[PDB]
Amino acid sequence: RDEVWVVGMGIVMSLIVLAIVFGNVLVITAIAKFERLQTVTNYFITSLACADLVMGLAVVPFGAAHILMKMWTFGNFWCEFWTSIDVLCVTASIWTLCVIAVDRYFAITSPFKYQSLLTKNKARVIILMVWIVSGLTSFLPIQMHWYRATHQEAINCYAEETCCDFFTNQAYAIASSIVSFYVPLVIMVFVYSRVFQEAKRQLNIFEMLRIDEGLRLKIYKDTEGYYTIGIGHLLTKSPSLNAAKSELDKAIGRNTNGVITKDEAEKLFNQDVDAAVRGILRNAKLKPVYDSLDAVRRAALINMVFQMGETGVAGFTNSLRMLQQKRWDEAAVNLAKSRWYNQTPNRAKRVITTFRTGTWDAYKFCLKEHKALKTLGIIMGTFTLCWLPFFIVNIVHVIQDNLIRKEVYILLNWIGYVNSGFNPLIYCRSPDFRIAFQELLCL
């Protein structure tokens, strides 16, 4: 268009190049310097951030210059090289996302649950394989000119040193699209939906209570100002910190000084959960209700006993009677008309919803590891939304042959490009990344 558009378009493309580079240098630097972030998952995020940095340094600037100058001023060699790097970055990105998905599946299905079954050495070998293989499928069909179209509009462009329009033959456009994008995308969407199914399915009382009670390795006052530690382990109703430290030292079996380990908090929690279940089976009012309930609803009843005690929950005569008669909404009404709901409304709401539904939908993405899984699914969904329009319109115009245009192809390709700037923002969801960024940016 006119000067006003070229300047404004020039500024916008400069900001996108700056945002992609700064953002991805930051991500790579944070994982390179902070030991806590040196995980198998973040080695794959490093693979992803490298592809995005290469996209930002070697692809997007030469593409921007091509749009603004309305020509290619870098010659036929950098044209074929540029095209290949661009193809390599998209392929390496999507295949890395597919590896993350498969790795998260094998983790969630193992006794370890949230830990990769890979060693950091094995993860490095896989990243190297993804890049070597995607580099072979990106650079060989282009340097060998297997991609080349045979119509004169394309042929003139290949010969014209100042033309760098990505004309392909239909078999390359289909073949490269499926192996580079559609195959890993379909696998990633199928495997990661199961990851999300598994996290929800494998929710249990330990995770449910870890969510509701939280974790504190140091003494704190609860809702009622009673001294507590770990995962909702009440130490004493006494208003003395010494009394609470004595009870702590007796329970743990050593001089704690009001501080316990993760191993010690987990051990107490197992005792408390086991006492809550035994208390249910011991109590004649709770045992018939517990027997009539399903696995998810039993956990909601364990949660209540863990918080208020066997005697406390046994006071809910109407609610327990209707839970037994499977009258969930009537049970839920009576449970809300209690001191328990007024004292702890967010926790009572989740327990009442679990009784109402019989599902884990209230505890959905509440655990730190499940929020980590949600973050990875956002990375995958954003990539798909940004790249799928380009790849769909690309495959449609191979069948149909017409209405492809140039202004549409470039625009949808730039939707994909702008995705390299998005992942650093999504990593801010992780508190570990948020801390690294504020440190590196000296905030």
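Start at 1 with the first residue shown and count on from there. C-alpha atoms forming the largest set that superposes within 1.5 Å between two forms make up the rigid core.
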Superpose by the rigid core: which stretch, 396 to 404 or 373 to 381, shows more Cα shift in 5 other deposited structures of this protein? 396 to 404
With reference to the PDB entry, specify whether the mean Cα temperature factor is higher for 294 to 302 or for 213 to 221. 213 to 221
So which stretch wins on mean C-alpha B-factor, 396 to 404 or 40 to 48? 396 to 404
In this PDB entry, which of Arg104, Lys368, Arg350, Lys250 has the top CA B-factor? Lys250
Looking only at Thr96, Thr354, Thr73, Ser193, the Cα with the top B-factor belongs to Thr73
Binned into thirds over the chain's modelled residues, the C-alpha B-factor of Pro184 lands in the lowest
Lowest, middle or highest third: where is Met69 by C-alpha B factor in its chain? highest
Which third, lowest, middle or highest, does the C-alpha temperature factor of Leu88 belong to within its own chain? lowest
Could you place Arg124 in the lowest, middle or highest third of its chain by Cα temperature factor, using the values in the record? middle
Could you look up the Cα B-factor of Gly23 in the entry and say which third of the chain it sits in: lowest, middle or highest? lowest
